[PDB]
């Protein structure tokens, strides 16, 4: 809500990769970017 | 072309096969339909000849139609179009 | 609606899909698996499923 | 011990035990 | 589910029908027709000797003679060596 | 260059074991030669062993003979330790009978002509006053280890009890080499083969059989040239 | 008894001297038993001749280089090392070779005494330049197996004669592997796959035949203990 | 499966049940070893599956209060004097007081040599306390542990997970045909075996009068006699042999309490779950790769690991609406070939071997009136065979069974036996097979180093010592360190010492390393047995000292050096291995996870009732479950046609399975599938839930 | 290939075997053929071999965590009743041989047969679809064998020593054949630094440039190499065109080599090289002389002194608490800290004391199995043990498992052991639920077009600039910049474009970008693809499983969901986030 969609995409990808890479498990970012893209499809209606 | 001689299921090199098609899905549909044509020809040989055509490459004694089709693909005796 | 019902909260999904008179399109990936038709992925798409296979003219003439 | 026909199984136990099983 | 199809006896029965059609065709048209009408092969209802005689313009005694000679012929090993394993 | 041919000596230690010295071998070859000889000796030496037994009072292997201390399985296990040598390829039969109190040993079983029992002091079963044992055994030639042949394959009756048979008179084989490796580069190996057989055939005879098998097998490369 | 299936030996020629051999079918286990022995016999049981010691004029203690040539002493030593030579006299023989002026010297320029032959005259050995002179002494004798460079036990008998490793064996590289053809019908009988690569001195088939002869003699040594001893008989040829 | 399995199934504490917590409501908090479990429940032994922590076993010395609390004995120490009075305490009393440690260094008089001793406090805290404040002490070491875990030697060196696995997998060992006693073990084998109830023990002393393979008559000291009946080849509840062989002669004298007959897994009275096998720790040509196990063929030849399994079959000839079933030879549409093994009354002969698909009991059922096909009528008329109006339902041995037939127990209504209503004839056939060892069978030591048998090599191509003795099993070295179970290495070393025999050379005094060694242990005969207890056993220094003196086998030769390794020769190539390899005698057991009970296959079998999918499990024919994860992988592979095949013409297409079978048989192309009957059922169910569902074309 | 017991393959192929039996006149009809199959006559096996030849089968293992849980092999009949499995697929299947079972499925139609032959064959799935790392890597035993084979031991037998005056260097070898023969005799060790003359192995890039320059054809050239016979024999397994390695084959080195081979060479060559590597690794792991014994696990000498010193500090802390100076929680923190320092010191001492040729140290350091913490537990002391709650016991254990633990120490250890054992069981179910949610939420995303022709794109850090002035590489570059399509061009200082729009952005391109000195690039991604349903191909970029551009029908959504959800079991927890 404060920084648009690009920054929240970056933050989500970075946090998930931070947790996954802690145990030394390497997953390419695109595999999480697919889920993020599925996350950020819809929009709310504030004016009918 | 520096590989050792292949054997078993991968008698025709898959990578050499893929140069004839666009993607492995196209390759598998190609081989499946060619094998279906070969099997129909085998089951339709006793009676009068129909437009189905048998194996162009010389077939082995106990050789699967799918393997014959794959060798036909590798020998460049077929042509196909996508959709 | 079929995918959501097969996924989770089937009663709540059905009771509101029926009220909306929702009509599925069977265009996804779970619905084709459920109804036994080819999935629209890989070798199931129309680009590959409708490939025409026939021998070339030269090899046809050579036999 | 404490079993009349017990085979002689030599033990490495260092300390005795007062209570039997 | 005992009411389902065995999925093996079905194809066995289909090939038994094919072999029966072959062994019938090894005989002549008259014998094949009378035996098929008698035992109800082409139709569910098995016809009787009177019906066969009415259809073929002969008497039931002639039908019985044909049936007997055909039954004797079919018991030869040349015609039963293929049907033995189907029972 | 060495143009000296190797020789084979003999060294008797006991009746059923001895040492064989082969000298001189090429450097680094004694190990392989001894390994091949041991591998052939331990696997492909012909012998003779019991194929199947038949006891009058029993019908299978999982019963008990009335009176004896052990069961039929234990009797089978004891009989698997027998050492017998035959003279004909056809299967011969030998009988064992004993009644009343006493211990049945491998010396009590009467063999027909040709075959013999080499360990009469081997214990089979223990008998009491009420017991009575009457068994018959089949001795057959062969080699290696063959599992129990099924009763269905043969036409034998219910009473026939197939038994695992191990036609192998050799018991334990080892070797050791003595590499000289002198600074004059005229080096050679010195194989010392050790053969022990279970009193059925002599170690000399076992080594002779192994040598015959090896020469016949190795002549394949030479024959076609 | 009878092996119930006679194994056979078949050849497969790859290059001028590199043929792989197949022995099939052998009863289980015997594949390794005969294969390892055959490999070792091939490696170190066939007579052959190779250089043993060399000497070059102008080199006494400076083992760095020799004037008039480009490739150094190590290179020329390892070049003479891979030189196939045949002989018929057990006593050591002496080779001669001499050239003048710049150019390329090959094995063909050597002059072999009556009793030795060179089987590769067109092998590169050195490269003369600047009107240089090459005078190399060679000591060739026949042997077996692989003998390293024998140390100069004699102190003052030969100051310039330096030793070199000797590859007596006509064969160079031999490897083998086994398979398990037809496990079901005939209880996993074994097959052998020998790979032989020799010099041009003798054919691989001749090497295999000589190895078979010496091995059958070696095992007949043990066979000559009890002649009438029963064993496994393969049968006819 | 064995007396240990029975004994450990008794003394079992299960937290789940009526009135107890269920697994779904079982939080992680309860599945923990509370510090009050010391001496009342084993912290090691518990199932490793979903029931982890909910099932436990009583400790060896534990006792149950009348209220239901679990007591634990203790020796009360007074002013530093460790008395011999034993007082039973519960959790409250133990928390109230201060307990000492079992291996506290007493002064052989009652006092403590050191004032500072280990102590467990009320909250489970472990501290060092002056000896004056201590007022209780453990009765003996290994009090906190259960029986099955106390049977593990060198437990204190093992980890906890692998000790758990070994304890849980010691109870699944099958009874072999010889069952020799283990070389190295603990003191909880004799007691565990004789307290398991599977060993006959003379109740009153006397002299053996008559001994045989079936019965023992003990002549008591006063006139009266008593006969004990052995159990020869009785079927256990899990299909294992239960033989009982006597171990006394015709003139021996036995005192009341002596072991008189062995059990399934016993040897000379004590316990024996396996055999002693020569062991190598080298990785051999990748056949012992990733917990794979290589076995010598000597085990197959001499039946070292060969178990007897007894299966029973039950068929009841019962009353029917259309008549009464009878057991008879006359089976419809059958040949005389399969009836060769059947006796006159219908059942097979005793001792007659059987094979998969044979006839065991010949039962016929009134078929009734049913219309036949015209082709069937024509065939019957051609061949002259009659209708044979009864149906054949005979007891056929199921798929994948063999072996002899031991005994037949047949019930009847005419001889007045208690049968369930509607059943006129019942007959039981016992089939037993002598299963050998084979690849895929599960083997395991006492430290949870499991593994299937990768390949059984011949005797010749196995590593052998300098004297020609080949090893029997070949483990992998990579599996030892990362599993933290060097207890197997210590057991291997001690087993080699026990097998070879040792002699401590006290020519100039007793050596320092053996100062605390008990007497009659400095020298031992070859193949002698030892007993290292659980938490007070052989030390590493003592093991090194024992390995130092390893008196030669037959010649002058010490095959095992000081480190515990040896020079092995490669039996396949011939050259010696370039480095020494550890060898010894580990104790391994044959687990009850045999291949013959696991291998399964299906082409076309029975189908479910409501849905038309195939059944599941090996009991019926059944097919493998193609789960949601497998469907996801199939989809992710870019694959469509294989998924369609596995979901339509293999499981549910009623008019598709027959067509595909016919096409395969005749050699034609596979036809296109149809919609699934399961989907049709779902549509009908939705329509039944007052939800109008209509499938539309356009 | 895969093993297949006949007793089960016969039941699997029964319709086919019946058809062939009737065709070859071994049975008069289907009824006779079925009776023959049920009775298992001895010709049914001969027919079964023929009818099984060239017919792929599928193997399944529960759970099917990711895509590679299903693979297709060519069956071969074997005795016994165990499905023999290739050792190299155990990593992909997550299957050890402790009693695990594998399911088997059988395709019927021609489409399914070719589908298993092409898409799902084992030799066509080497790299993991998630990260692109190979999964057909030499595993534990093969890694140990190759490491032992290619390691170099100074001062071994038959080394290369340069001598003058007395005799030549006596270390040079004419050919690997002569080297092998010398090793066959008691002259040369496998791991001695020698100088052989190779003629069929391609020299490395620098040596090739120095000697041959442009045309360095390995087939005919002759060159001098300073390596070990083990490394030569290892390089013989690699394809002809690959340069000579001359390294110590650590697991990471083998991973790099296999990744480069898969990137640069055909898949059939890659599979054959992998098989040769497996064979050599097993053979040389057998002879590696790696074994375990109680005398092989050395204990640290100064452990007693270290323990006494740390116990003295602990007793000082105990006294200062007894005089009421510090509270219980901070006292516990103090003991935990000092015992952690004690553990660090003991571990360092043990690492220093242990040699480099020790079996345990070689196993750990070669990358085969385990970590140094397990070795420290083996020899030294276990250290701190957690409470059932998750805290730490104030009194840590002092004895390693080699010395044997006392009753109290074992009881303390059981807490953490059982806690972890139950945590694993809970974690597996949680990961399964997460994967099941992800697959559905992402089942929509499938590649439909080839290029959406968009101009949008995300930005990647790509080795941000250092304050001193240089291009320090960002460690996370193989998971955030590799295998992607450059949306825009890469230019700097108003110069020429280094990489134009629409490139695979591989390792050479990344190296060129770093050499040019550009930091940030706008790269195309699925977050900005402008397709209606599903993402395009260029946005997705290269598929890790294949190594080329993704196809036009891939279920990238399900692939990504499986990739995310598979490693969910290894995610541990820390003792307010």
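When the chains are written out, they are named A, B, C, D, E, F, G, H and I in that same order, and each has its own residue count from 1.
Convention: a contact is a pair of C-beta atoms (placed from the backbone, for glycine too) under 8 Å apart; a residue touches a chain by one contact, two chains touch by 3 or more.
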item	value
Contacts common to subunit B and subunit G (chain labels)	H, I
Chain at maximum distance from subunit C, centres defined as averaged CA atoms	D
Between E-I and C-H, the pair joined by more C-beta contacts	C-H
Subunit B and subunit E, separation of their C-alpha mean positions in angstrom	45
Subunit E-subunit F separation of Cα centroids, rounded to whole Å	66
Subunit B-subunit D separation of Cα centroids, rounded to whole Å	77
Intercentroid distance (Cα basis), subunit H paired with subunit F, Å	35
Multi-partner residues of subunit A (each touching 2 or more other chains)	none
For subunit E, residues that touch 2 or more chains besides their own	8, 11, 84, 86
Residues of subunit G touching at least two other chains	29, 32, 36, 44, 145, 148, 151
Parts of subunit G lying in touch with subunit H, wherever the complex brings them together	28-29, 32, 36
Of subunit B, residues touching subunit H in the complex	24-25, 32, 36, 39-40, 42-43
Residues of subunit F that touch subunit H when the two form their complex	31-32, 34-36, 38-39, 42-43, 59-71, 73-74, 77, 80, 126, 128, 130-131, 145, 147, 150-152, 158-159, 164, 166, 172-176, 194
Of all residues in subunit H, those that touch subunit G in their complex	458, 460-461, 572-574
In the complex with subunit C, residue positions of subunit B that touch it	23, 25-26, 28-30, 33-34, 37, 53-54, 56, 72, 76-83
